[PDB]
Each structure stands twice: as C-alpha cells, then as structure tokens.
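> Once you've had a glance at the structure underneath, I'll fire off some questions.
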Amino acid sequence: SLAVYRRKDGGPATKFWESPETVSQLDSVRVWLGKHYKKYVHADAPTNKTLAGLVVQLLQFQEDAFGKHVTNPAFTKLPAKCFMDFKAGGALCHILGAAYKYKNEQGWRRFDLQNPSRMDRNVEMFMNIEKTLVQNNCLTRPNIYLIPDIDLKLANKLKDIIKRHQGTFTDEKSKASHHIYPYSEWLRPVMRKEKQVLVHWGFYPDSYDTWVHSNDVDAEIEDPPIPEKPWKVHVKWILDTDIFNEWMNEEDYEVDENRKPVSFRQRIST
C-alpha cells in the first residue's frame with residue numbers, strides 16, 4: 001500500500017517550506033507585508049526565509065496544540081489551504097501580518113511558539129489570526145444547514161460538533177455554506193514539484209497531505225472543482241472533523257441531490 005508514507009500527524013512539511021521555490025514565493029508576501037503591516041514588520045525586517053520559518057513554527061504550533069492527539073483542544077486548526085495562498089492580498093499575508101501585529105501588541109521581544117508558559121497567549125494569537133482571515137474574507141467557517149431527514153439525536157450531536165469547531169448552523173438553506181445529508185482507501189494528487197507530488201489522503205484533513213515521489217504516483221493532477229454554494233456532503237464530514245479537530249476536505253464527502261456519493265476527481269487506490 002502507498003498509505004505506508006501517509007503522514008501520521010498534521011505537522012508542517014518543513015522541506016517544502018525550506019525549499020528555494022517556496023522561499024522565492026514568499027518574496028511577494030514580504031513585500032506586501034512591508035507596505036500594509038509596515039509598523040509591525042519594519043523592526044524585525046523579516047527575510048523570505050524568516051517568514052518561511054515562521055510559517056513552520058505556526059503550523060507546528062497548531063498541530064501540537066490542536067492536533068488529533070489533543071483531547072478537548074482550546075481551538076480548531078486553521079485550514080492548511082490558507083497557508084498555501086501566496087497571493088499579494090491573500091490568506092498567508094494576513095496570517096503573517098496578524099502574527100506580527102499581535103506580537104507588537106503584546107510587546108513581545110520575539111515569537112516563542114515552543115514556550116509552555118506562553119501557551120495561552122499563543123492560542124490568543126491564533127484567535128486573532130482567525131479573526132483577521134475571516135474579517136478580510138480569506139476564511140469562511142462553515143454555516144451549515146442540516147437536511148431535516150437526519151435523525152434528531154444525530155442532528156443535535158452534529159450541532160454540538162459544529163459549535164465546538166468555530167462553525168454555525170442555520171435553518172435557511174439560502175445562506176448555508178454546506179448542506180449535510182444522511183449517510184448510508186484512496187488518495188488524490190493535488191500538486192507536483194520536481195519528482196515530488198503532494199497527495200491528499202481520503203478522509204484525512206488537508207494538513208495530512210504528504211509529499212511523495214512522483215514515480216510512486218503515476219496519476220494525473222486534475223483540476224479542483226469550482227465552489228458553488230452550497231457544498232452537498234454527508235454527515236461523516238462533520239463527524240470526521242470532530243476526530244481531527246480540523247474541518248475535512250468536502251471533496252471526500254460530496255453527495256448529489258439524492259444522497260448518493262459522488263467524486264468530482266478520481267480516487268487512486270493505495
């Protein structure tokens with residue numbers, strides 16, 4: 001099986017982040033930060049690789065603090081896709097800008113994401129990071145509509161999961177991000193660099209996406225579906241989110257308007 005090399009944790013792929021292309025991609029992030037979060041980054045004058053290392057520290061912190069192994073975490077992991085958005089006004093810029101703004105506000109001499117004494121203030125930073133992403137339209141937490149056919153006892157359990165993971169639920173399908181239907185081993189390649197291919201493991205969150213050698217994955221990378229409000233997924237999308245403390249990839253759980261599972265892209269067996 002290829003699941004041999006599946007990540008056992010949602011920690012950062014440090015080699016991807018230290019790679020020269022990624023360091024190069026952060027250049028526009030550094031420049032954008034210098035213009036719009038200037039009073040918070042001017043002192044530290046972060047280089048491209050310093051930003052890259054900060055991303056590793058940030059990703060490692062939320063996996064250590066809010067990971068699958070943590071019973072009742074104080075917070076839910078930020079989506080891994082947020083850290084993959086290197087565009088000028090994108091999510092990664094607001095992530096780093098919020099981190100530097102928060103550090104300036106607390107008067108910290110430096111980031112210390114390994115200090116157990118600073119756990120609660122580091123959690124506080126991530127809350128400020130999530131708010132910055134949401135209020136700048138880079139992140140939208142699920143606003144969930146439960147199909148009325150779901151058993152009331154299950155629906156109430158799903159409602160508690162949704163609230164414990166920064167989500168809300170609504171009674172008007174008009175404004176729901178997701179519609180949840182009753183529900184009655186593979187991977188998918190998502191990115192290719194060098195001889196490395198990033199693969200997504202079915203029923204695992206995006207932080208568990210693993211860089212593997214392209215010769216072990218002959219499958220073609222297909223185009224991700226374009227988002228049309230709302231996602232139609234079944235209840236295991238919410239149930240699995242509670243397991244990993246990280247909102248699952250909707251593609252793995254999608255159903256059509258008759259509750260039958262569908263997969264826009266191909267599923268490659270492990």
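A note on labels: chains of the structure tokens are A, B, ... as shown, every chain counts residues from 1, and ligands are counted from 1 in their shown order.
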If DSSP is run on the backbone, what residues of stretch 133-216 of chain A are helix (DSSP H, G or I)? A reply as an MDAnalysis selection string would be ideal.

chainID A and resid 133:135 152:164 173:175 206:208 214:216

> Those selected residues, please, written with N, CA, C and O atoms and delivered as a JSON list (two decimals), in the first residue's frame.


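Writing the result to selection32.json gives the following:
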[["chain", "number", "residue", "atom", "x", "y", "z"],
["A", 133, "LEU", "N", -8.32, 36.67, 9.22],
["A", 133, "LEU", "CA", -8.66, 35.96, 7.99],
["A", 133, "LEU", "C", -10.15, 36.06, 7.68],
["A", 133, "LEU", "O", -10.54, 36.28, 6.53],
["A", 134, "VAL", "N", -11.00, 35.88, 8.68],
["A", 134, "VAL", "CA", -12.44, 35.93, 8.45],
["A", 134, "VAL", "C", -12.86, 37.34, 8.06],
["A", 134, "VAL", "O", -13.58, 37.54, 7.07],
["A", 135, "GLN", "N", -12.41, 38.34, 8.81],
["A", 135, "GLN", "CA", -12.86, 39.69, 8.54],
["A", 135, "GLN", "C", -12.27, 40.26, 7.26],
["A", 135, "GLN", "O", -12.80, 41.25, 6.74],
["A", 152, "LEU", "N", -33.00, 13.24, 14.73],
["A", 152, "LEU", "CA", -32.88, 14.39, 15.63],
["A", 152, "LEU", "C", -31.75, 14.19, 16.63],
["A", 152, "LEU", "O", -31.04, 15.15, 16.96],
["A", 153, "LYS", "N", -31.56, 12.96, 17.11],
["A", 153, "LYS", "CA", -30.47, 12.71, 18.05],
["A", 153, "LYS", "C", -29.12, 12.89, 17.37],
["A", 153, "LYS", "O", -28.18, 13.42, 17.98],
["A", 154, "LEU", "N", -28.99, 12.45, 16.12],
["A", 154, "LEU", "CA", -27.76, 12.70, 15.38],
["A", 154, "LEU", "C", -27.60, 14.18, 15.08],
["A", 154, "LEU", "O", -26.50, 14.74, 15.24],
["A", 155, "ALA", "N", -28.68, 14.84, 14.65],
["A", 155, "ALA", "CA", -28.60, 16.26, 14.31],
["A", 155, "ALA", "C", -28.11, 17.10, 15.48],
["A", 155, "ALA", "O", -27.32, 18.02, 15.30],
["A", 156, "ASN", "N", -28.58, 16.78, 16.70],
["A", 156, "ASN", "CA", -28.14, 17.54, 17.86],
["A", 156, "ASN", "C", -26.67, 17.27, 18.18],
["A", 156, "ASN", "O", -25.95, 18.18, 18.60],
["A", 157, "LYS", "N", -26.22, 16.03, 17.98],
["A", 157, "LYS", "CA", -24.80, 15.74, 18.14],
["A", 157, "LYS", "C", -23.96, 16.50, 17.12],
["A", 157, "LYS", "O", -22.91, 17.05, 17.45],
["A", 158, "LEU", "N", -24.43, 16.54, 15.86],
["A", 158, "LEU", "CA", -23.72, 17.30, 14.84],
["A", 158, "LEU", "C", -23.70, 18.78, 15.18],
["A", 158, "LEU", "O", -22.70, 19.46, 14.93],
["A", 159, "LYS", "N", -24.79, 19.29, 15.76],
["A", 159, "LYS", "CA", -24.85, 20.71, 16.12],
["A", 159, "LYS", "C", -23.79, 21.07, 17.16],
["A", 159, "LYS", "O", -23.20, 22.15, 17.10],
["A", 160, "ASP", "N", -23.54, 20.17, 18.11],
["A", 160, "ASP", "CA", -22.52, 20.44, 19.13],
["A", 160, "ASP", "C", -21.12, 20.39, 18.54],
["A", 160, "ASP", "O", -20.25, 21.17, 18.94],
["A", 161, "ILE", "N", -20.88, 19.47, 17.60],
["A", 161, "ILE", "CA", -19.59, 19.44, 16.92],
["A", 161, "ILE", "C", -19.36, 20.74, 16.17],
["A", 161, "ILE", "O", -18.29, 21.35, 16.25],
["A", 162, "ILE", "N", -20.38, 21.19, 15.43],
["A", 162, "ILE", "CA", -20.25, 22.40, 14.62],
["A", 162, "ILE", "C", -19.85, 23.59, 15.48],
["A", 162, "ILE", "O", -18.98, 24.38, 15.11],
["A", 163, "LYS", "N", -20.48, 23.72, 16.65],
["A", 163, "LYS", "CA", -20.20, 24.87, 17.52],
["A", 163, "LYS", "C", -18.82, 24.77, 18.15],
["A", 163, "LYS", "O", -18.15, 25.78, 18.34],
["A", 164, "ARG", "N", -18.38, 23.55, 18.48],
["A", 164, "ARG", "CA", -17.07, 23.40, 19.10],
["A", 164, "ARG", "C", -15.92, 23.62, 18.13],
["A", 164, "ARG", "O", -14.76, 23.66, 18.56],
["A", 173, "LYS", "N", -31.63, 27.37, 4.04],
["A", 173, "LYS", "CA", -30.69, 26.84, 3.06],
["A", 173, "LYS", "C", -30.15, 27.92, 2.14],
["A", 173, "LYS", "O", -29.10, 27.72, 1.51],
["A", 174, "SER", "N", -30.84, 29.06, 2.05],
["A", 174, "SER", "CA", -30.40, 30.13, 1.16],
["A", 174, "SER", "C", -28.98, 30.57, 1.47],
["A", 174, "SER", "O", -28.20, 30.85, 0.55],
["A", 175, "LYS", "N", -28.62, 30.62, 2.75],
["A", 175, "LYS", "CA", -27.35, 31.23, 3.16],
["A", 175, "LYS", "C", -26.41, 30.23, 3.83],
["A", 175, "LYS", "O", -25.51, 30.64, 4.56],
["A", 206, "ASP", "N", -6.56, 18.35, 5.19],
["A", 206, "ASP", "CA", -5.55, 18.83, 4.25],
["A", 206, "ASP", "C", -4.17, 18.92, 4.90],
["A", 206, "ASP", "O", -3.16, 18.83, 4.19],
["A", 207, "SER", "N", -4.09, 19.09, 6.22],
["A", 207, "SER", "CA", -2.78, 19.15, 6.86],
["A", 207, "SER", "C", -2.05, 17.82, 6.81],
["A", 207, "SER", "O", -0.84, 17.79, 7.09],
["A", 208, "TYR", "N", -2.73, 16.73, 6.47],
["A", 208, "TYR", "CA", -2.09, 15.43, 6.33],
["A", 208, "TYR", "C", -1.66, 15.13, 4.90],
["A", 208, "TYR", "O", -1.16, 14.03, 4.64],
["A", 214, "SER", "N", 7.22, 11.26, -7.27],
["A", 214, "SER", "CA", 6.31, 11.17, -8.41],
["A", 214, "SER", "C", 6.30, 9.79, -9.05],
["A", 214, "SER", "O", 5.31, 9.42, -9.69],
["A", 215, "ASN", "N", 7.37, 9.01, -8.90],
["A", 215, "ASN", "CA", 7.40, 7.69, -9.50],
["A", 215, "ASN", "C", 6.51, 6.70, -8.77],
["A", 215, "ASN", "O", 6.10, 5.70, -9.35],
["A", 216, "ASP", "N", 6.17, 6.98, -7.50],
["A", 216, "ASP", "CA", 5.21, 6.16, -6.79],
["A", 216, "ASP", "C", 3.77, 6.58, -7.05],
["A", 216, "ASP", "O", 2.85, 5.85, -6.67]]

> Sorted by chain and rising residue number, which residues of stretch 123-204 of chain A lie within 6 Å of stretch 228-241 of chain A, and what are their closest atom pairs and distances in Å to one decimal, counting only C-alpha atoms, as a Markdown table?


| residue | atom | partner | partner_atom | distance |
| --- | --- | --- | --- | --- |
| A:177 | CA | A:230 | CA | 4.7 |
| A:178 | CA | A:231 | CA | 4.5 |
| A:179 | CA | A:232 | CA | 5.0 |
| A:180 | CA | A:234 | CA | 5.0 |
| A:181 | CA | A:234 | CA | 4.4 |
| A:182 | CA | A:234 | CA | 5.6 |
| A:183 | CA | A:234 | CA | 5.4 |

> Any chance you could list, as a ChimeraX atom specification, the residues in stretch 119-224 of chain A that come up strand (DSSP E or B) when DSSP is run on the backbone?

/A:143-146,168-169,178-181,186-193,196-201,210-213

> Return the single residue from A:95, A:81, A:90, A:44 that is closest to residue A:108, with distances computed using only C-alpha atoms.

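Answer, going by the shortest atom-to-atom distance: A:44.
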
> For stretch 68-70 of chain A, find every residue with an atom within 12 Å (counting only C-alpha atoms), except residues of its own chain fewer than 2 positions away, and show them as an mmCIF file with N, CA and C atoms, in the first residue's frame.


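This went into part.cif:
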data_model
loop_
_atom_site.group_PDB
_atom_site.id
_atom_site.type_symbol
_atom_site.label_atom_id
_atom_site.label_comp_id
_atom_site.auth_asym_id
_atom_site.auth_seq_id
_atom_site.Cartn_x
_atom_site.Cartn_y
_atom_site.Cartn_z
ATOM 1 N N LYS A 8 1.582 10.768 9.744
ATOM 2 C CA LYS A 8 0.912 10.355 10.966
ATOM 3 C C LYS A 8 0.455 11.542 11.799
ATOM 4 N N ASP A 9 0.751 12.763 11.357
ATOM 5 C CA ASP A 9 0.339 13.969 12.060
ATOM 6 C C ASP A 9 0.128 15.083 11.045
ATOM 7 N N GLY A 10 -0.564 16.133 11.478
ATOM 8 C CA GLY A 10 -0.810 17.274 10.620
ATOM 9 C C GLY A 10 0.242 18.360 10.717
ATOM 10 N N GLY A 11 1.479 17.982 11.019
ATOM 11 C CA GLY A 11 2.559 18.937 11.149
ATOM 12 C C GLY A 11 3.020 19.472 9.810
ATOM 13 N N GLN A 62 0.018 24.848 15.949
ATOM 14 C CA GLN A 62 -1.389 24.459 15.961
ATOM 15 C C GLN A 62 -1.559 22.945 15.866
ATOM 16 N N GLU A 63 -0.596 22.237 15.274
ATOM 17 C CA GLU A 63 -0.654 20.779 15.314
ATOM 18 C C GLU A 63 -0.333 20.260 16.710
ATOM 19 N N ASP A 64 0.648 20.869 17.381
ATOM 20 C CA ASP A 64 0.984 20.441 18.735
ATOM 21 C C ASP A 64 -0.123 20.800 19.719
ATOM 22 N N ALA A 65 -0.757 21.956 19.525
ATOM 23 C CA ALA A 65 -1.762 22.447 20.463
ATOM 24 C C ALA A 65 -3.148 21.884 20.170
ATOM 25 N N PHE A 66 -3.530 21.825 18.892
ATOM 26 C CA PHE A 66 -4.897 21.499 18.498
ATOM 27 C C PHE A 66 -4.974 20.225 17.663
ATOM 28 N N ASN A 72 -10.075 17.602 23.779
ATOM 29 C CA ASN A 72 -10.728 18.891 24.001
ATOM 30 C C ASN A 72 -9.751 20.041 23.784
ATOM 31 N N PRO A 73 -9.368 20.318 22.540
ATOM 32 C CA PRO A 73 -8.477 21.453 22.277
ATOM 33 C C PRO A 73 -9.165 22.782 22.547
ATOM 34 N N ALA A 74 -8.352 23.796 22.850
ATOM 35 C CA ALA A 74 -8.863 25.141 23.085
ATOM 36 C C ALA A 74 -9.229 25.874 21.803
ATOM 37 N N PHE A 75 -8.960 25.289 20.640
ATOM 38 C CA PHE A 75 -9.067 25.992 19.367
ATOM 39 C C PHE A 75 -9.048 24.953 18.258
ATOM 40 N N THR A 76 -9.544 25.347 17.090
ATOM 41 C CA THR A 76 -9.563 24.483 15.917
ATOM 42 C C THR A 76 -8.487 24.934 14.936
ATOM 43 N N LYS A 77 -7.834 23.966 14.297
ATOM 44 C CA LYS A 77 -6.748 24.276 13.372
ATOM 45 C C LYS A 77 -7.242 25.159 12.233
ATOM 46 N N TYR A 204 -8.912 12.249 5.361
ATOM 47 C CA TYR A 204 -7.903 12.913 6.165
ATOM 48 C C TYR A 204 -7.942 14.396 5.841
ATOM 49 N N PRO A 205 -7.678 15.260 6.814
ATOM 50 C CA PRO A 205 -7.693 16.700 6.540
ATOM 51 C C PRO A 205 -6.507 17.103 5.677
ATOM 52 N N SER A 207 -4.094 19.091 6.220
ATOM 53 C CA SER A 207 -2.783 19.155 6.855
ATOM 54 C C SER A 207 -2.045 17.820 6.812
ATOM 55 N N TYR A 208 -2.727 16.727 6.471
ATOM 56 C CA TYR A 208 -2.089 15.427 6.332
ATOM 57 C C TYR A 208 -1.660 15.130 4.903
ATOM 58 N N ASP A 240 -16.055 13.370 11.107
ATOM 59 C CA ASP A 240 -14.605 13.271 10.993
ATOM 60 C C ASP A 240 -13.917 14.550 11.448
ATOM 61 N N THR A 241 -14.537 15.707 11.199
ATOM 62 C CA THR A 241 -13.965 16.971 11.662
ATOM 63 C C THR A 241 -13.734 16.951 13.167
ATOM 64 N N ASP A 242 -14.663 16.353 13.919
ATOM 65 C CA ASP A 242 -14.513 16.273 15.368
ATOM 66 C C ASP A 242 -13.338 15.390 15.758
ATOM 67 N N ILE A 243 -13.035 14.373 14.951
ATOM 68 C CA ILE A 243 -11.916 13.486 15.252
ATOM 69 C C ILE A 243 -10.590 14.227 15.104
ATOM 70 N N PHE A 244 -10.415 14.950 13.999
ATOM 71 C CA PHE A 244 -9.133 15.584 13.717
ATOM 72 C C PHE A 244 -9.033 17.010 14.236
ATOM 73 N N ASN A 245 -10.117 17.571 14.776
ATOM 74 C CA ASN A 245 -10.161 18.985 15.159
ATOM 75 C C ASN A 245 -9.743 19.875 13.991
ATOM 76 N N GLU A 246 -10.162 19.487 12.792
ATOM 77 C CA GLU A 246 -9.793 20.193 11.576
ATOM 78 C C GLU A 246 -10.859 19.895 10.540
ATOM 79 N N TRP A 247 -11.445 20.938 9.964
ATOM 80 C CA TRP A 247 -12.535 20.738 9.018
ATOM 81 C C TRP A 247 -12.046 19.946 7.811
#

> What is the atom CA of residue A:167 to atom CA of residue A:139 distance in Å?

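Between atom CA of residue A:167 and atom CA of residue A:139 the gap works out to 11.8 Å.
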